[PDB]
Structure formats: structure tokens, C-alpha cells
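Some notes on the structure that comes next.
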Amino acid sequence: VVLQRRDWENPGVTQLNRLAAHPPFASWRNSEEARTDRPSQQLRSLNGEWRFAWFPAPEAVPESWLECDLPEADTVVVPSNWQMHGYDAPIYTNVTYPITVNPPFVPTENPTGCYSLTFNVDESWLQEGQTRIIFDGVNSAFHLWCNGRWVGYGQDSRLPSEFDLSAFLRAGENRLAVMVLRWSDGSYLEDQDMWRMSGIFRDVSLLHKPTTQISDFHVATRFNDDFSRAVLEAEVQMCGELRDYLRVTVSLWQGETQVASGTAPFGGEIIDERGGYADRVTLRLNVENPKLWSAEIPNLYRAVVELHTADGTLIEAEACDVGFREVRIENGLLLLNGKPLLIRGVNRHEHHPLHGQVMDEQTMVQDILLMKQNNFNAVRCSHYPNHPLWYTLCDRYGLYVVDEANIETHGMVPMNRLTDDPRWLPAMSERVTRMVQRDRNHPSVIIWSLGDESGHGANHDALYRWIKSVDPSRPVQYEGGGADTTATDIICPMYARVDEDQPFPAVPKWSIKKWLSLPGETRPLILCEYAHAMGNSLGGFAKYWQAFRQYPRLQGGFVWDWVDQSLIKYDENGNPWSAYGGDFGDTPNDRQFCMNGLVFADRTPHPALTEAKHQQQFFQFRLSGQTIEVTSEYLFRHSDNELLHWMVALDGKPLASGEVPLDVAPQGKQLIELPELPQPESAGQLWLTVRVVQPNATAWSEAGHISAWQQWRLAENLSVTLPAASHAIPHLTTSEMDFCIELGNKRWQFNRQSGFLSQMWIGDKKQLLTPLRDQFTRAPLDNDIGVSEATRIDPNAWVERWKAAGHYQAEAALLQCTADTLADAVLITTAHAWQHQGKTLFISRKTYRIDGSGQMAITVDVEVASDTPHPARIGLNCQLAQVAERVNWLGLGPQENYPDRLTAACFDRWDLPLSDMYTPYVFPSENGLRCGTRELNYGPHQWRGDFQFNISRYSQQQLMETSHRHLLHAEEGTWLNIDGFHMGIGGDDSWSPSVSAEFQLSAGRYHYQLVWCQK
Amino acid sequence: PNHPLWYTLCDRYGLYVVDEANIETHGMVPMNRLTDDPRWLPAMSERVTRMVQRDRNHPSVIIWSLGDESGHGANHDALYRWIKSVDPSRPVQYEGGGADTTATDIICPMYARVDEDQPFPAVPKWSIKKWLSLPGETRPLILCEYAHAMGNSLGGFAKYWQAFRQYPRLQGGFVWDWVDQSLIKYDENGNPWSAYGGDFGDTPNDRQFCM
Amino acid sequence: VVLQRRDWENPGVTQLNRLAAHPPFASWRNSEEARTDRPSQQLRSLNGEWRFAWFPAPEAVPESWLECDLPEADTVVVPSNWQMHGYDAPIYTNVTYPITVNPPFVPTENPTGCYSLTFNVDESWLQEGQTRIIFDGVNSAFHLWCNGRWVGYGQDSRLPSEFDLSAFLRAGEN
Ligand SMILES: CC(C)S[C@@H]1O[C@H](CO)[C@H](O)[C@H](O)[C@H]1O
Ligand SMILES: CC(C)S[C@@H]1O[C@H](CO)[C@H](O)[C@H](O)[C@H]1O
Ligand SMILES: [Mg+2]
Ligand SMILES: [Mg+2]
Ligand SMILES: [Mg+2]
Ligand code: NA
Ligand code: NA
Ligand code: NA
Ligand code: NA
Ligand code: NA
């Protein structure tokens, strides 16, 4: 009947013989074990070495497999995705379905994974009670056999599927056979923007329950107006024979102290004309002055639910962590424990570069520590229920969670084709209902989400109301169909900009500030997705946070996203490298769009992470005279693990410093008076830097952790002293092809045909490998490119506008190149025009003044045609002959920063190895810029002025021609790009131009000056 | 849902119709055991949605009903909202779980009395006059069933109509019911007679309660 | 598959291969006929004399019935309730379920009505278009075969169940 019914092509069949969903069970038979959350003898892991065989279609699986192991099969670790073992290719596609859109049908060629296990079952498990098997995650559908006999079927890749094996098992040795289909009717609701994989990728376990058992339990906490009193309400359901002697005790523990306890027989209150639930009981416990749960202080109690006889014989105990907190929306504000939240959120997919979509405790803990260390307090489970341990860790470490149903139909046309179709309501309903049934007792879950990018259909409205009816304790959100539909309590747009409207027909993305005040609108706004962190991105991040802080009903958002979905591949030499879409032969694919993270797949931070940390700081600062004002944005805690370090420096030279403990009440202010600082010995700018340091280690951070910082300019003393007049005069030598200038052991050469400095000598060693030339382009960022491809041009993308205008191929044409000998200097004057097919794009006019001190002063004046697309940069570049170890600069750093992403950077004296001056984005682009730089040092060279720079072994050309970082080769010498001006990087999204007007180079005329010397 | 011709005739002759989904779980303990169970939501959804899909163009249909005597469960709320979303042109009513739940636009009790309260726990049947003015209550009241016309009955019928006429928000009701459910049997002489519960050897049965 | 799956004891299966519900259709090929609500040549009644046999359970139904009329069957009027023809007793109960309350299961003794019809289909219906069968009311669940081949399954006694027969029908007798 199995191959004949084809249940994986029927949205009316999502399971067969599957047990009801429920909160995490362990069936403890000792109450103390339940309290302490120790392992349970009744819950066994079936994880480890299994048997696996791959087949092209279910029709190709031999019947012998049901009863006997296939000799050709391999021994593989489970949980796993079989693409990660190389059995077939993972596919990266974004919107377009990885299969033909023909609901409910999938392809006849349907990769089929045949898993099997031979394992022991102890006799005690079969004499009495119930033995069930739990598959936490199977992608995407499966049939189950036990000892050759058919058990059942399950769909939904992201929630547990449980089956009763009581009648199927024998004492001693048993064999499970699992046939896992890659594609099913379930796949139509699983079109998330991620790698498409398959297999048994979450834990497998056996659970023993007594016949008379706790089958469900719900925990609720309600409060008085000031949260000084709480009632814990626990509804408990049983299965088995009802008996007068049966009791439930719910006890609440704070550590080893029992705080409250309730005991009752079964039999609920009257519900309707037919009575009540005889198989249910509700316990109500009073808690005075409850310690409240939040992301700031994740206070937890332990609830123990004991099923027992009147006389005190335990039948079984279940348990959970309890966080006392109230989530509600009032007067248009999302409140936690009566206070308005500011969501410092991030979207997080379950991704490992080696193990695919299999999650482990270590990786989960790594992510949480990094999140909190970078001032995140919230996470969205994009876009499916997570591995059950995730919620446990969010409960205990303290993160707000949006729990999201595994429903995404992005690739449908229109997007709501299935979600507005009542035929798909049953499949949809199970993805929502079984999520709520599983996760409703986790305090970390504060908001339910109906899924992602599935338009808005009537099925959403029905399921929205279902959740509101079953769980009034949490708001329900959903972005589909324009982010403010009748199926959402929160306006939750994706990539809506701060000030700029994007008025798409039917689904406009209004300016978030404007959206709040639309006629009739009263809801809070929290972006489900914003600041698309794809490659060199997060430009304009500060603009969001300024708006979040100014507007009460702008309550933050979730960054897209946490971790690059790159996968490890190996080259001919067995060296690992990071791969994206298309690198596995997968086609169609969406290339590097799988990498949008604040961190690399191995959890190394992108530069953007520090900008997020700084903007999401919990302390705000103002300076007035000698007074620093510190304001706390904590809602609940006092600053009892914080001290303020202050430092004053003159152009990087430390002048004074000190510490002051912070004592700020939540949302309070502290004034700190700086001591009178002695005036500087010399000329320059004084800078004040403050840092908030955490003296003590926490559960989530080490001692000395810096949580916040800020900088101000103090007094500036402008240099008025003239440099000592030298007695030497540079000597000009002229040929037909060159102007040469000599001073001591120094020599400069200007090519009279090109009009550029072609060479410089110190002693008689060449300093340049490539002449010093103007540069108006950059190796395009992911944001510059957008969705543009060679086969499908998007003429609107910045890269295509520059290409079509001829920016990348425009050649310098010399207009003027003269030399004059002065009193104590040689003056070279040049003029160039960059042209494309008769059109002059840019004009550059320069003077180079070389004096008797050996300093070369370069003055640059650029004109940009008003009708050419604004250029990516206005600067100079050259390839230096020198390769030096260190890069030393006075400017913004230490990390990579761009004009619209530099708030996190501090002005100071920085010194890094050359390799740190390059950011290894997996898709190579312009990278490693540092802005606001007044002095740059590299080997013998020093440049002074007010510029942006990057410096590395890779030319802009190589960066733009190479599609993977592992294929980059260090070039001879060092490429230096020194810009007077550089365009913003953008990132509000990565599929339309997102660089704000104020960060585009539109001024028409530009001026900058540089001094080049040897030190 | 009725035979399709019924709606054609109500359209043409002129009767207001309440179209009711084929869902009644009266015998469950408690009455909402299935309708509050998410696993029965798919079966229930089809009985509601396929009714609306079939009958939504009939002018005679003025109100949708979610079924009858199935308590009040979360499945009712889900389906209430589905209809409200798909067809804003008709109010949705449903009596289960106390006749004034979040799954009904109309207070629609059965056998609520005019002046006399019947304060059953959980699901009281208030005096219809008193029900209207309960704190916070603003909805119209139309009994889905009243005046149980079993045998020699309809005593006090005039008391309903006096109240309907006096109170604007008391907008009437549906008598229970139109036609005796008796079946013809034949005796030894071949003579026809009217039969009720039990007369076909059917047991357990509810005797003359079908009339 | 039919007896093995027991679709009538699974609330997750309420139909198989059933077409989407819709308002009353007649597929007129003339606008004036549609306007006047006059009969449509494309909508045919199958009401009348059918073949019928009663069984105490679906397990008691012989395989031969799928492809050949059972000689012991009677000719009865359809639409009908088979209790009104005297094949078993009608049951009057108010609140208490007529069956043991044990969801999703029903009694193993489950009265089964086997209906059949031999009919002709107009030639032009086989060459082009779509031919569907509509059952306006079947109490309480049913499987459908056409010319020995299984078509689908349906529940809900009070709404139409419709099935595409286009791939099942033949020239002449069906
Ligand atoms: C490219 C847009 C049309 S869709 C856009 O794609 C992004 C790519 O990372 C993300 O998946 C977003 O969730 C989605 O809105
Ligand atoms: C007998 C009551 C407890 S239930 C009562 O039974 C009546 C009998 O005609 C009707 O069926 C009503 O709808 C029902 O409420
Ligand atoms: Mg299916
Ligand atoms: Mg998507
Ligand atoms: Mg069924
Ligand atoms: Na705000
Ligand atoms: Na992506
Ligand atoms: Na590149
Ligand atoms: Na009235
Ligand atoms: Na009756």
C-alpha cells in the first residue's frame, strides 16, 4: 500500500499513526531527578552509527531492506544531512522552488535515503508501559518500519514525529527501517532561503512512559499590577484509566528551596452542558514577590509535575524551567513585565559549515555567547521551529525568542496561492498547532510567528485566531501580505527603510517612522528583518538605531542575519575552502545570496558585527563641559557589574585616564564629573574615549568585557608653527619622456606622456611597481551588484550603472603636464580627462610640490559630470614595491569602517599586521577601508592629510575578477588605495540601490590634499 | 447544508436562511472534546469551508452557522475567523459553549426563557431580556432554537413575541421545529401508522423526542 | 489498499481525489439557456434505478462486485436511504452516539451499501473536455470505482463530492 498510496504527494496526508504533540518529556520515575534535570533512564538516545543507503526514487528501494540490512549500505553518523556525506548535492536556491511548481506533485526522480538501526531493548521496557520513538527532525517526509512491520508516516521537517513501538518490539535485538524522501507535498511549504538538504538531521530517541501517564501540561503565570504577586497556573492532562486515587502535585522550586506546591485529584471544572474534562486538572500556586524573567536577568524556577496516588506512590514526573514574565501589547507598545521592549534582535538559521543543518550544543552555546557579548537580546527562529535545546539555552542565558512555524511558500505566484487555499489549511494548521503544543512552556518564547513569505491568505487569519484562543500570553506576528494585515499584532516589515518610502503596489514598504502614524494605525512596529548583512554591508545601521530610540512605538528589529550559510569544500590538495550557491553543481542557484551573516560560518566576526554591538549598546552618553551623563537603557537591572573607564589622548598620545563605578538604576541617569585636565604640550586634537567594562565574569562573558563605548572631540589646538626652513633645493631634470626631481638620496619621476608619478627612489631603490593614478571605481560590493547577473542584467544596480557609463573602462587622457622650479621647491602641474565614447566623465587637476625637506604635497581637484552616475570613490592608487609587516595609522579603527558604517570605530593610533587590513569576505570585493585617517605609515612611507584608505596584496582588479576568496593570490608588493572621498556601502537591502543620498558622491567638485614623505 | 434546490426556492419565494455546517458532537464528554482538539480541525474545516464555497452566492443565505451543539473549542474560533475573512457580507453565528462566545456575532441561545434565568454553571441560559444588558454586552439576540413544539406544546409562545416586539435588540428566533420526524410503518392489515424512536427495534433510543 | 488503509477510521483522511467545491454549475454552451436557467445538455442526472446489495461489513464485500453485477443484488430507486427499503433499521437517538464513543474508530459490524449503475456516455464527451461525477449526498462515507478502477473516497454526508471520470470512461457501456 505504501508505494501505491504516494502519501508524499498528498497535502491531505501529513502523517499516519503519529502521536499528539506535547512539551518536552523525559518520564522521570524519581522526583529529585526531575527537579535537578538530570538524565532519565526512561529517555534513551538512538544517536550514533546507523546504516544508510541512497536511492534515486522510492520505487528503486528493494523489499529485502525492510527485513534485512543491505550489504552495499554504509555506516554513517546520525543525526546527519546526507548531502554532507556526499550522497548527492545540496541545492542553494532563494525564492524559486528547487522542484517544478506543480502542487502537490514532486519529481519522479526523488532522492530517497534508507536509514536503518539495529539496537537493544531491555525486557523491563516491554513488560509494562509504553515505548515510543521520537524523531526530532526528518527532512522532508518518511515512512517507518520496526522489525519489518510498517509503523507510520510523518511530514514537517522541523518538529518531532513520535510513534508507539510497544506492539512492534521484542526483547534483545530490534531493527528500524526509515525511508526518507527528499521531496514531498511538504516541500511546497518549505521554500526558505537556505540550502536545500534532506535526512534524519535531528536526534532520534526512545521514550518509556507508564500506561497511566502525564500526556500534556501547560504552565501559565499571571500577575497583579506591580508584579509583586503571581499565580502559577498548571493544567495537566492524563492518559490511561481514570481513578479516584489519582493525584497531580505541581511543586515550584527556586534552587533547592520549594516555594509553592499544589495537589489535586483529576476532574476539571464544568465546561459545558456535558460536564468537564475528567482526565484533566488545573493547579494554582500563589507566588509572592516572584523573581521575574527577562533577557537582562533570566531568573528561572523549576516546576515539577508529579503524577501519583493519594497515598504518595509516584507514577511519573515531568518538569520544566519556569520564567515568571508577562508579555502584552498595551496602547500600541509591546511590554515585558510592564516595560516597553527595545528589541536588539537577529535572525538565526540553523547552519554548520561541516554538518549542514545538524545542530550541536557547542555551536548553539557559541552563538548565544557571541550574541549577548555583542548586545543582542533577541533571536528570531528563521523560519521554522528550532532544535529543542535552543529554547532551553535561551531560557537560561536570557534571549527573547520569536518562534516561527515551518511555513514558507515564497516561490508561489502569487505568494498566497497555497495559503489562501482551504485545501492547504490542514497541512498549514499542523505546522502552527504542533509548534505551539511543543514550545508553549518556554519563557524565552515571547512572540509566535505564522511563518514567512507566504503572502496573506485566509489560512493565516484562521491560524492567527487559533493561537490567540489557545495562548493569550503571547502576541502573534506575521509579515506576509504587507506586514500590517489582520493576521499580525505587530507591524513587522522586512527591509523597510528609516526615512525612505518604497511604495510598491499592494505591499508598500513605508518609511518605518511614517508607517506608525498611518490613519487608524496603532500597533507597535518591530522589523522581522532589516540591515541585510551580505558581504561588506550594514551601511546606515546607525540610522535605524537613532529612530528606534526616538520613537516609542519603533521597538527595534531582527538583523538579517546571524551566520553565513557557506559550506566547506576541499581542493586537490585537501585544503578547505568556503563554498556558496552553484559550487556543488546545483542549478538553478542563487550564488552568494546564502551568505548574509554578521559572522562567517566558523563564527569569526565580520567587521559589521562591531557596528551592531556599538549601536545596540545599553548605555547612552552625553558630554557637557566636564560632565559625562550616562543613561541606562536596561529596563529591569541596575548597573551592578559595570565601571566606566575614561581616557583623554592628544592625536593618539595618552594624556590622562581614570575609572568611575557605574551606579545607574534601570532607565536612570548618572552624572560623572571629569577632573580638570592639564592642557596639552603641543598642537593637535584632544579626544575623550569612554568604555563600560564588566569587572566580573558572567554566564555569557569574561572578566573585563567591554559592553559599550563612545568618543568626543575635546579642545583642539591648531598648529600655527612653520616647519624649519631647509637649506637644500630639489633639482629638476627634464627629458622628452620624464620630469625628474632629485633631493639627496630621493628621486621622483613624472612620465610626461601619461602625466603620472611613475617612479620614486629612496637611495636608488624603486618604490613603485605601478604608477600613482586616480581611481574612481571599486571592486563591487554585494550591495553594488544586487541581483544583477551576466545573463540577466539589472540596469538599476550601481555596478551596472557604472559599467554602462564606462567608469571601469574609461582611460586617462592627458591635458596638461608642466614643471616649474621655485625658490625652495619643484612644482609639477597636471590635468587629465577620463572619457567614454565622446563623453567626459571625470577631470582631475593636480599639483605636486616637492620641497627641500623631502616632502611631496599633492593637491587634487576633481570634477565629476553631473549626469554620470555618482562614482564609487575619488582617490589615488598605486602598487608599492615594499611588503611590510605592520600598518600604523592615526584614524578610525582598528576594524574596517566605511562612511555609512563608522560609528563603532574610534579615532586613535592603531597598529595591525598587514593581513588584518584585508577582510576575507567569501565573495571578494572592495574591503578593509579605514576612514577619517590623518596619518598612515607603511615601511619607510608616511602619508598625511584627511583621507580614507585600504592597503593589501590584492588589486581592485583581482578582487573584482575573482569570485571566491580562496582563489585570490598575493600580488607583488602592496596595493594602496588612498581616497579623498568614498561612497557609502548601503545594506538596507541587497537587491536594490540602498546607499542613502548623503553618502553618494554627488557634490560635482571635490578637493583633497596629501603629503607623502619618508620617515 | 441542505439539498441544493432548497436555497434556490428560498431565493425565489423569499425566506432568510441560516446555512449551518454539518458539525454536531453533542454526545462527547465534555461537548467540546473534539472541537477543541487540533487534530479534528482538518475534518471540521472542510465542513465549514466547502459549505461557504458551495452556497456563498445565494441571496437567501444571510447568516453562516459553525454547526450545532459541539461546545466551544479553539477550532470554532479558527473557523469563525476564516469565514469572516473570506466572506464579510454575512454575520457568523454559533450557539455552543454558552451562546455568547467569541465565535458568534449574534447571541443565539437555545430555549433561553423570556423572564426566567436558568443559571447553569459555565453555560447559563439567562432571561433573554437580561442577557442583552449584561456588562459589556452589545450584540443582538436571536434564539437559534426556542418554543420546543413537542406534542401539545407552545405554551407561553406569546410571551416571546411581546418581548421581541418591545426590545429592539431582541430580534426573534427559530422555533424548534418545523416537522415531526415520524416514520410510516404498516400493521398486519397493511394499514399505515406513525412510528417513532424504538419502533424499529432500535435501542438505545429516545422514543417520541423525534417529534 | 482500500480495506488495508481503513480511511473511514481516520479523521485525517476526509477525501481522496475529490475535486474542489464550488457554486452550482451546469456548463451551458449557450448564453440564452444560462440566462433562462433552462436545462443544460452538459449536466445529466443519474437518478433512477440502480443495483444494490447490503452487507454487514466492508470485509464481507466480494471482489467480483468491482467488475460484475452481483446476481443477488436488487434493483432500487436512487436517491434513497436503504433503511427506507428495509435492508436494516433506522435508529433514533438524541444525544448519545449510535455507536460506542471511541474516536476515531467505528464498529467492525458496519452496514455497507454496495450501489452500482451501468450507463452510456455520449460519444463527444470522450473525445474532448472533462466529465465529472457529482454525488450531492452520501451518508456517511464511500469509495468510488469506475469500470473496475478505483477513483476516490469522500466524507461529509451533507455536501457534494465530485470526481473526475475523464480518464476512467469508455465508449459504450460503463
Ligand atoms: C531578493 C529579494 C527579492 S527576496 C529577499 O531575499 C533575501 C536574500 O538573502 C532574504 O531571503 C529575504 O528574506 C528576502 O526578502
Ligand atoms: C434533551 C436536552 C438535554 S437536549 C435537546 O434535545 C432536544 C430534543 O428535541 C433538541 O434536540 C435540542 O436541540 C437539544 O438542546
Ligand atoms: Mg503528504
Ligand atoms: Mg524567502
Ligand atoms: Mg476518514
Ligand atoms: Na522605541
Ligand atoms: Na539569503
Ligand atoms: Na569579486
Ligand atoms: Na425586537
Ligand atoms: Na428532537
Side-chain angles (χ1 to χ4, degrees), chain A residues 92-96 191-196 331-335 339-345 347-349 351 382-383 408 410 452-453 490-491 494-495 498 512-513 515-516 523-527 529 531-537 544-557 559-566 580-581 589-598 601 615-616 620 633 635 667 777-790 799 808 919-927 954-968 987 989-991:
Chain A
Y92 174 59
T93 182
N94 181 357
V95 176
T96 312
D191 193 40
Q192 286 90 358
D193 176 18
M194 59 186 191
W195 288 99
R196 315 308 172 99
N331 209 27
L333 297 172
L334 179 66
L335 312 175
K339 302 292 179 176
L341 285 177
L342 180 43
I343 299 292
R344 296 147 164 89
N347 290 264
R348 177 182 167 281
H349 270 282
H351 180 90
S382 55
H383 303 286
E408 169 155 8
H410 206 160
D452 188 67
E453 305 183 295
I490 300 161
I491 310 157
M494 59 178 66
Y495 315 106
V498 178
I512 64 181
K513 293 150 96 164
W515 209 323
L516 286 180
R523 286 167 293 183
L525 193 156
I526 301 165
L527 293 121
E529 296 171 31
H532 201 258
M534 180 181 186
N536 197 348
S537 197
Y544 276 98
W545 284 87
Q546 192 281 329
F548 297 162
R549 294 190 167 96
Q550 187 180 5
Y551 285 61
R553 284 171 52 217
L554 289 180
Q555 291 184 264
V559 171
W560 189 276
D561 68 354
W562 179 245
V563 57
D564 281 351
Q565 293 192 51
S566 62
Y580 51 81
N589 69 82
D590 287 293
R591 41 181 186 88
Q592 70 265 40
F593 271 99
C594 58
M595 306 181 297
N596 322 131
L598 293 172
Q615 285 302 320
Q616 297 171 167
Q620 303 297 297
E633 293 188 319
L635 302 169
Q667 310 213 71
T777 54
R778 70 185 176 194
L781 312 181
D782 271 315
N783 293 335
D784 291 340
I785 298 164
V787 293
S788 196
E789 270 161 6
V799 70
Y808 288 99
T919 304
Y921 293 119
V922 174
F923 178 79
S925 69
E926 156 67 35
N927 74 85
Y954 316 111
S955 66
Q956 294 292 299
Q957 189 179 0
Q958 197 197 158
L959 294 170
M960 85 176 81
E961 289 177 355
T962 316
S963 64
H964 289 73
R965 65 175 196 190
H966 76 281
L967 300 170
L968 293 168
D989 64 66
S990 308
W991 45 97

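Just so you know, ligand 1 is whichever comes first in the structure, and atom 1 is the first atom listed for that ligand. Numbers restart at 1 for each chain; the letters A, B, ... are given by sequence-line order, proteins then strands.
- Note on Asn596(A): counted as a metal contact of the Na ion (ligand 7), an N/O/S atom lying under 3.0 Å.
- Geometry about the Na ion (ligand 6) gives an angle of 90° between O of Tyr551(A) and O of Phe548(A), rounded in steps of 10 degrees.
- The Na ion (ligand 8) has an N, O or S atom of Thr962(A) inside 3.0 Å of it.
- Residue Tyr495(A) is tested with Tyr544(A), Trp560(A), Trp991(A) for a ring pair (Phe, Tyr, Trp, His ring centres under 6.0 Å); the sole match is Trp991(A).
- Residue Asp193(A) approaches the Na ion (ligand 7) most closely through its N/O/S atom OD2.
- The distance from the Na ion (ligand 6) to the nearest N/O/S atom of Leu554(A) is under 3.0 Å.
- At a cut-off of 3.0 Å, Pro924(A) is counted among the residues with an N, O or S atom near the Na ion (ligand 8).
- For the Na ion (ligand 8), the set of nearby N, O or S atoms under 3.0 Å includes one belonging to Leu959(A).
- Aromatic ring orientation, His966(A) versus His964(A): perpendicular (interplanar angle above 60°, classes split at 30° and 60°).
- Looking at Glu453(A), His383(A), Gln192(A) one by one, the single match for side chain to side chain contact (heavy atoms under 4.5 Å, CB included) with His410(A) turns out to be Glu453(A).
- Atom CD of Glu789(A) has more than 12 heavy atoms from other residues, nucleotides or ligands within 6.0 Å.
- Within 6.0 Å of atom NZ in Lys513(A), more than 12 heavy atoms from other residues, nucleotides or ligands are found, so the atom counts as buried in its surroundings.
- For the 3.5 Å distance criterion, the side chains of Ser537(A) and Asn783(A) qualify, holding a donor opposite an acceptor.
- By the 4.5 Å heavy-atom criterion applied to side chains, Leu527(A) and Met494(A) are not counted as neighbours.
- Counting backbone and side-chain atoms alike, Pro340(A) contributes no N/O/S atom closer than 3.0 Å to the Na ion (ligand 6).
- Coordination check, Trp560(A) versus the Na ion (ligand 7): failed, since every N/O/S atom of the residue sits at 3.0 Å or beyond.
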